Amino acid sequence: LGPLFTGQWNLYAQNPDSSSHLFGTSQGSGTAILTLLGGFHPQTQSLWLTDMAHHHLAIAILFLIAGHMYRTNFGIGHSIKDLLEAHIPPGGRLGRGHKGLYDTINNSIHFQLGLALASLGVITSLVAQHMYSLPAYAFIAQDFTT
Amino acid sequence: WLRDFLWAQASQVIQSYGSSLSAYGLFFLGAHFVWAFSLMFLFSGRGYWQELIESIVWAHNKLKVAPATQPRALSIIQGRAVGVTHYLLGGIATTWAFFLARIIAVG
Amino acid sequence: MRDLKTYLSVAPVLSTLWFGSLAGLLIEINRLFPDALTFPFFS
Amino acid sequence: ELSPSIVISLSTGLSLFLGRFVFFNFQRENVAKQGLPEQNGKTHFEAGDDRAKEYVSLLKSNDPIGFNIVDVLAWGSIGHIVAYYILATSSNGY
Amino acid sequence: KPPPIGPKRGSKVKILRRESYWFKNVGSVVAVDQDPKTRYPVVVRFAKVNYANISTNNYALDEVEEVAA
Amino acid sequence: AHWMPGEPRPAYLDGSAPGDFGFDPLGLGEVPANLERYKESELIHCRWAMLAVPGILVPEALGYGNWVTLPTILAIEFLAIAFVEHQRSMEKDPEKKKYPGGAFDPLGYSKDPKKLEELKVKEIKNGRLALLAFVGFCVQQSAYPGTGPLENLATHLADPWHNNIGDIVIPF
Amino acid sequence: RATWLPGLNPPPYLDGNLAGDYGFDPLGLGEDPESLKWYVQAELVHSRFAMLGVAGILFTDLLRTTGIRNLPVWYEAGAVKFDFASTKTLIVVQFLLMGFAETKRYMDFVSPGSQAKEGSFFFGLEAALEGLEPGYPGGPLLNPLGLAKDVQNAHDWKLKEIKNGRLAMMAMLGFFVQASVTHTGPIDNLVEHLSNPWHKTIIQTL
Amino acid sequence: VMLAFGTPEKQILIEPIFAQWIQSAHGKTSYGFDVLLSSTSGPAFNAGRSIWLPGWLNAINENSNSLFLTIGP
Amino acid sequence: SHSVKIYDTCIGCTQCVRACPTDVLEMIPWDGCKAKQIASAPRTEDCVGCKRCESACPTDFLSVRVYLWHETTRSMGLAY
Amino acid sequence: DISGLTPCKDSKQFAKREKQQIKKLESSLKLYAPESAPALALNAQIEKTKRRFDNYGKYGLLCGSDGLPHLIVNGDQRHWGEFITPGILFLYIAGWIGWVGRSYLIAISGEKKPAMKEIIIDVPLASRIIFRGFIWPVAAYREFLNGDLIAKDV
Ligand code: CLA
Ligand SMILES: CC(/C=C/C=C(C)/C=C/[C@@]12O[C@]1(C)C[C@@H](O)CC2(C)C)=C\C=C\C=C(C)\C=C\C=C(C)\C=C\[C@@]12O[C@]1(C)C[C@@H](O)CC2(C)C
Ligand SMILES: CC1=C(/C=C/C(C)=C/C=C/C(C)=C\C=C\C=C(C)\C=C\C=C(C)\C=C\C2=C(C)CCCC2(C)C)C(C)(C)CCC1
Ligand SMILES: CC1=C(C/C=C(\C)CCC[C@H](C)CCC[C@H](C)CCCC(C)C)C(=O)c2ccccc2C1=O
Numbered sequence: 222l223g224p225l226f227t228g229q230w231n232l233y234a235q236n237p238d239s240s241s242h243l244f245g246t247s248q249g250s251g252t253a254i255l256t257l258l259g260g261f262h263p264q265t266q267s268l269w270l271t272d273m274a275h276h277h278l279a280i281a282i283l284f285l286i287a288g289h290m291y292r293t294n295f296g297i298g299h300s301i302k303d304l305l306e307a308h309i310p311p312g313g314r315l316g317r318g319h320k321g322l323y324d325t326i327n328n329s330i331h332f333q334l335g336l337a338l339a340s341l342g343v344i345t346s347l348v349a350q351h352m353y354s355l356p357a358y359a360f361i362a363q364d365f366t367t
Numbered sequence: 644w645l646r647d648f649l650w651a652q653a654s655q656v657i658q659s660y661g662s663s664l665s666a667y668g669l670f671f672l673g674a675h676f677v678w679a680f681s682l683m684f685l686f687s688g689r690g691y692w693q694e695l696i697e698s699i700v701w702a703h704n705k706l707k708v709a710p711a712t713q714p715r716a717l718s719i720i721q722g723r724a725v726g727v728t729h730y731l732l733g734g735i736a737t738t739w740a741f742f743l744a745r746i747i748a749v750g
Numbered sequence: 001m002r003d004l005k006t007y008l009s010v011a012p013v014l015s016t017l018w019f020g021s022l023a024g025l026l027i028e029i030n031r032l033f034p035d036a037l038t039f040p041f042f043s
Numbered sequence: 061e062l063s064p065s066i067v068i069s070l071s072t073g074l075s076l077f078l079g080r081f082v083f084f085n086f087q088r089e090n091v092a093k094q095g096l097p098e099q100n101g102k103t104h105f106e107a108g109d110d111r112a113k114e115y116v117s118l119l120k121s122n123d124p125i126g127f128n129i130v131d132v133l134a135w136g137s138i139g140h141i142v143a144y145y146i147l148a149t150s151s152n153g154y
Numbered sequence: 075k076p077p078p079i080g081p082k083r084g085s086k087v088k089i090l091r092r093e094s095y096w097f098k099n100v101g102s103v104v105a106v107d108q109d110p111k112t113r114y115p116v117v118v119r120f121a122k123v124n125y126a127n128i129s130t131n132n133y134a135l136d137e138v139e140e141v142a143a
Numbered sequence: 046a047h048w049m050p051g052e053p054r055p056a057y058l059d060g061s062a063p064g065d066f067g068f069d070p071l072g073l074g075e076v077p078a079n080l081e082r083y084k085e086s087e088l089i090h091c092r093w094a095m096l097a098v099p100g101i102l103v104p105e106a107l108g109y110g111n112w113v137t138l139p140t141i142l143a144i145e146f147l148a149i150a151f152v153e154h155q156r157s158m159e160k161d162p163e164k165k166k167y168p169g170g171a172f173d174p175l176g177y178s179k180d181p182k183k184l185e186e187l188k189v190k191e192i193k194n195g196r197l198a199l200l201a202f203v204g205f206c207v208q209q210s211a212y213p214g215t216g217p218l219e220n221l222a223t224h225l226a227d228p229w230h231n232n233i234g235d236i237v238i239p240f
Numbered sequence: 046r047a048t049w050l051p052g053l054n055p056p057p058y059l060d061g062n063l064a065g066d067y068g069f070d071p072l073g074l075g076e077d078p079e080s081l082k083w084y085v086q087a088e089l090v091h092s093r094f095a096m097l098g099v100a101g102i103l104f105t106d107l108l109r110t111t112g113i114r115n116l117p118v119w120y121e122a123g124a125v126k127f128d129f130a131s132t133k134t135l136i137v138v139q140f141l142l143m144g145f146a147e148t149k150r151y152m153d154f155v156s157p158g159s160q161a162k163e164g165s166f167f168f169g170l171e172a173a174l175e176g177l178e179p180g181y182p183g184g185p186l187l188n189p190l191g192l193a194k195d196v197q198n199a200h201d202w203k204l205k206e207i208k209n210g211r212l213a214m215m216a217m218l219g220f221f222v223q224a225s226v227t228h229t230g231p232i233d234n235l236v237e238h239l240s241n242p243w244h245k246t247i248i249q250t251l
Numbered sequence: 442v443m444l445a446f447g448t449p450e451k452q453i454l455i456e457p458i459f460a461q462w463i464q465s466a467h468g469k470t471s472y473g474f475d476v477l478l479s480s481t482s483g484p485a486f487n488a489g490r491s492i493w494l495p496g497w498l499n500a501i502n503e504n505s506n507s508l509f510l511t512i513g514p
Numbered sequence: 002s003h004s005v006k007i008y009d010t011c012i013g014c015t016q017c018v019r020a021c022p023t024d025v026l027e028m029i030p031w032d033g034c035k036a037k038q039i040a041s042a043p044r045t046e047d048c049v050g051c052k053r054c055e056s057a058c059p060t061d062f063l064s065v066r067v068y069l070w071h072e073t074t075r076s077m078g079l080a081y
Numbered sequence: 068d069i070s071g072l073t074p075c076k077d078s079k080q081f082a083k084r085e086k087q088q089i090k091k092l093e094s095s096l097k098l099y100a101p102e103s104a105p106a107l108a109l110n111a112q113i114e115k116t117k118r119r120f121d122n123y124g125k126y127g128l129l130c131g132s133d134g135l136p137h138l139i140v141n142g143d144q145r146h147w148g149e150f151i152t153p154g155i156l157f158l159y160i161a162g163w164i165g166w167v168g169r170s171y172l173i174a175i176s177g178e179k180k181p182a183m184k185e186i187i188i189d190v191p192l193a194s195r196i197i198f199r200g201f202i203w204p205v206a207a208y209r210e211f212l213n214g215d216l217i218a219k220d221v
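Protein chains in written order, with the deposited numbering: chain A, 222 to 367; chain B, 644 to 750; chain C, 1 to 43; chain D, 61 to 154; chain E, 75 to 143; chain F, 46 to 113, 137 to 240; chain G, 46 to 251; chain H, 442 to 514; chain I, 2 to 81; chain J, 68 to 221.
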């Protein structure tokens with residue numbers, strides 16, 4: 222945590238398991254925990270655990286920043302109602318814009334469910350399309366039925 | 644029946660591509676198709692197709708191509724007739740092609 | 001006869017006439033110009 | 061080395077200065093224009109949710125412009141963020 | 075009034091009724107029930123039938139609008 | 046008083062505005078609020094480009110710098149410029165958002181309204197010309213990677229009927 | 046009148062008062078009137094460009110075949126590298142100049158009074174572009190001689206124009222196809238026809 | 442049919458040029474487009490030249506794994 | 002059981018009820034049309050839902066209208 | 068040579084396809100006399116195959132590792148004979164069909180019972196219209212500018 226608090230984050234990407242690593246033993250291992258070397262582990266034909274760690278960390282920063290967006294009991298933030306009533310294009314192409322949409326979504330559980338299943342289905346297909354190509358588990362690329 | 648009759652004896656209708664028995668494999672796949680196509684009629688109902696037809700009729704009336712003979716989805720009994728005839732034709736031509744190629748090849 | 005020509009102008013009779021003429025056209029093209037995948041004129 | 065204690069305090073004081081002095085009137089303008097997160101034409105607290113109750117006690121600052129503790133958290137979250145961005149992007153020689 | 079209240083017999087008219095088959099379609103007024111108590115006097119005759127093979131329907135005065143032609 | 050004499054001028058711009066020639070073929074300035082914002086942004090883009098072009102050709106005529137570290141100069145730039153830009157955003161009078169005057173107008177050019185209108189016309193004309201000149205700089209640096217604008221003018225004046233735009237616009 | 050094939054009445058949307066009508070519109074293209082106006086201006090410009098083309102081809106090939114000047118074949122004439130200028134510059138210069146010409150012609154067609162009224166500065170010449178007519182601009186710049194000062198009562202002149210121009214367009218299509226399947230010049234094909242006409246035609250190309 | 446007529450050279454085989462372009466836009470040299478990551482001179486390749494692209498290239502170019510498969514008609 | 006409703010667009014042609022095989026409908030006097038009669042649906046308990054009534058309503062869309070609802074032994078048309 | 072595809076004029080597997088089909092047709096040719104109708108037809112099919120392969124070679128088609136011509140649709144000027152020139156050739160005919168049909172339906176629209184003209188096709192009317200779709204790319208463009216292509220709602 223010296224490297225983390227002192228900003229010297231590059232000290233967490235020093236020995237990134239330099240291509241001779243056997244998954245489950247110290248031979249050819251290293252000391253890094255967060256890397257962006259990309260590609261696949263040569264033994265497992267899978268993604269590096271350090272890449273997954275740095276990944277979940279980075280998207281954690283993004284989601285923790287994005288979750289401080291909408292207005293709450295503390296005086297700051299956005300009201301989605303006014304975000305929608307403000308996104309009405311001048312020109313009348315969309316017409317009344319997204320006006321009255323917060324009330325027709327928040328009251329409507331089926332709209333929430335439909336948007337949720339939309340996003341969920343797209344990311345499920347994404348899970349498929351990225352687990353076949355970018356397997357993040359050891360010895361799942363070389364086994365072929367899973 | 645799936646292995647020793649269907650799978651095995653359908654090794655002379657599908658391997659007949661580039662042979663004299665190639666129209667048999669062609670109609671094998673085609674009769675497969677016509678059967679499955681029939682399932683569009685047996686499974687569906689008229690109301691969906693009338694609503695779709697009225698949408699594309701809006702698309703036509705937008706271009707002054709509204710036919711006077713009003714486009715109507717098939718009557719229900721007609722959808723059933725089309726389904727059963729395509730289903731029978733497809734299953735029967737599948738079987739016809741399969742039998743004829745199987746029995747002409749090994750003879 | 002006016003009614004015979006009215007029947008010849010009916011949709012199925014005229015359709016089979018039109019598609020027989022058309023099919024003969026495409027057939028004779030694929031016999032005179034067989035096995036065609038690319039348009040080589042001003043290629 | 062960029063003195064990781066000097067750049068971070070510097071960027072935080074910078075974010076706070078940009079908050080209170082430069083644009084707090086713009087931020088408070090947008091807060092008052094977007095208004096509370098109303099549902100069906102009324103605030104959540106005004107709709108029966110006892111747990112919303114926008115905390116005026118935490119907002120009651122006597123700083124003459126009204127820079128409450130929440131805005132101090134805001135400008136300073138952005139500050140530490142930009143600080144560690146500079147520090148990390150400057151750590152590696154890329 | 076004893077004089078006509080609605081469109082003329084033959085005036086090609088548009089339908090503003092949202093539930094009719096001929097919505098936003100023109101028509102041809104064949105009659106207007108001059109009784110001042112019926113709710114849908116305007117007997118229209120369209121060119122293309124509906125799904126029930128019917129080319130005529132009664133409409134109101136406010137559910138109808140004559141075209142500029 | 047028209048960009049293409051013959052085209053019907055739209056209803057929302059007719060000559061009254063300072064720089065009005067009726068060039069809105071896409072219909073962007075249909076509504077009035079977007080039109081006002083557009084002329085504000087036009088004046089600002091114009092003034093920045095007119096600050097830029099003499100900061101390009103003058104280094105090129107003498108310095109030949111070709112107009113080509138981060139974490140300090142970037143911070144000082146952002147600090148110096150965000151303040152001015154937000155203070156500009158804090159004005160609400162639109163004619164004072166385009167043309168503030170006061171502490172921005174010394175020398176008394178804005179003292180006579182007719183000459184004020186004529187000078188607004190002059191500003192907008194020279195500014196559209198300078199925006200075109202900067203876009204020319206950018207695309208001439210894109211096409212020719214390592215040449216200067218005045219260098220390209222010398223290239224044109226050497227043999228203009230052989231070194232022109234055509235070499236890039238068509239394959240041949 | 047005589048309308049392009051006897052036994053057929055001319056279409057009622059075009060007759061008489063137009064430059065060489067003869068009632069040929071079997072495919073209903075001049076049915077809409079503004080479409081007919083646009084097509085009339087199109088025809089006039091097409092025919093005039095085609096007339097200049099046939100002159101610039103026949104004259105050059107009279108000089109070439111006889112041997113007065115060593116000019117290139119019309120077919121292989123575009124790739125002549127000029128010393129003073131390049132084709133890459135000439136395309137751009139043509140674009141600029143003919144844009145200033147054709148857009149002015151257009152803005153007159155949609156608004157006849159344009160190009161001469163206000164802020165239409167062309168070296169101070171905002172009077173020669175009066176137009177006077179669609180397709181027949183007139184003025185000291187465009188007709189210096191002014192053979193047809195009047196243009197409504199000049200039906201003979203406009204008829205000569207449009208007939209010679211229809212024929213020049215057909216001759217230009219001739220130049221296009223005749224020298225893509227024979228790969229010679231028009232004058233070469235002519236003297237090939239005028240030696241043995243019954244043995245050198247289109248269908249004598251096997 | 443063309444197989445049923447013994448003429449597989451007459452088939453409508455459209456090479457997916459756009460997906461192959463995206464593949465070559467990520468480091469696949471199996472097509473020879475050399476654009477934005479298969480071109481060494483591309484600035485996109487120069488930016489991440491020292492971060493991830495060695496591993497990503499010896500992964501995507503390795504024809505044993507299953508990311509960005511060699512696609513055809 | 003089923004909820005049959007007659008809307009005010011009815012012309013009083015008496016086809017809805019002359020087609021109805023279960024005596025659900027009946028014509029009553031009215032003042033909204035030239036025929037001075039309109040259909041009513043008292044015996045909706047006897048309504049099976051066959052929609053022969055609205056397969057015979059000659060109006061823009063419909064005037065009689067059958068809404069499928071709680072199905073009982075007589076709306077399901079059971080002899081057992 | 069694009070998309071990793073070798074041309075068919077300099078492909079090995081393409082010539083192998085040629086040789087294999089020719090040997091296949093010759094194996095079916097040693098069962099009849101060389102002057103009868105079956106052998107003559109087989110020799111005609113053989114010449115058809117050989118000219119087919121040589122024509123696919125000389126047009127610059129691109130044959131992949133499987134040895135079959137892979138058509139390029141991207142818009143390469145060398146391969147406009149694959150999609151773009153026949154694509155224009157298609158769209159010209161397809162718009163001919165659509166335009167003569169549309170002008171026919173508009174022609175019968177002012178009839179007492181127009182539907183009987185869709186059953187009993189008025190062959191004089193269509194035949195006068197059947198060549199009016201030759202000029203569809205300009206007539207349709209004007210009908211779009213004049214406002215006659217797309218109908219108005221009223
Ligand atoms: C929609 C999918 C599809 C596509 C794109 C094709 C495409 C093709 N098929 Mg396949 N085919 C298909 C479905 C398809 N087929 C199906 C479903 C079947 C089973 C029924 C077949 C069965 C089949 C066989 C058995 C054969 C083909 C063949 C062909 C080729 C035809 C070339 C030809 O003769 O045209 C030439 C052009 C014409 C016939 C049209 C002429 C049009 C006239 C002349 C008007 C144009 C001139 C006009 C006046 C305008 C000029 C300009 C000016 C005047 C304005 C082509 C590659 C043949 C081939 O050679 O394969 C490679 C072949 O042998 N196909
Ligand atoms: C403009 C034109 C030719 C212009 C040529 C030029 C500039 C040539 C220039 C050069 O050669 C020189 C001088 C010198 C060379 O060194 C260089 C180049 C550059 C090569 C031809 C138009 C040629 C135009 C043609 C052929 C148009 C034909 C139109 C027809 C037949 C229309 C028929 C119909 O439309 C109607 C009339 C009525 C409808 O109802 C029915 C149908 C049937 C549809
Ligand atoms: C180039 C190309 C490409 C691409 C392309 C594209 C992308 C396109 C697009 C396009 C588009 C995006 C279009 C749109 C359109 C729209 C509209 C809207 C239209 C309309 C039309 C109409 C309406 C018409 C009509 C008609 C006609 C004219 C014909 C017939 C008749 C009728 C009437 C039908 C590729 C590479 C792949 C390949 C190669 C080629
Ligand atoms: C697809 C489908 C339809 C719609 C099927 C349609 C109406 C058939 C499509 C139109 C046919 C093909 C006629 C069009 C061809 C005409 C002869 C016009 C000729 C045009 C050219 C091809 C010549 C039903 O109406 C239906 C009803 C009940 C249960 C299932 C279904 C069902 O599955």
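Heads up, the beta-carbon is just placed ideally off N, CA and C, and yes, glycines get one too.
Query                                                                                                             : Result
Just curious, the alpha helix (DSSP H) that residue 83 of chain F is in, first and last residue?                  : 77–97
I'd like to confirm the pairing. Which residues does DSSP put opposite residue 74 of chain J in its beta bridges? : J:129
For chain I, is any of its Cβ atoms less than 9 Å away from the one on residue 121 of chain E?                    : no
Would you say residue 481 of chain H reaches chain J, if we count a Cβ-Cβ gap shorter than 9 Å as a contact?      : no
Where does residue 289 of chain A sit, in a helix, a strand or coil, going by DSSP?                               : coil
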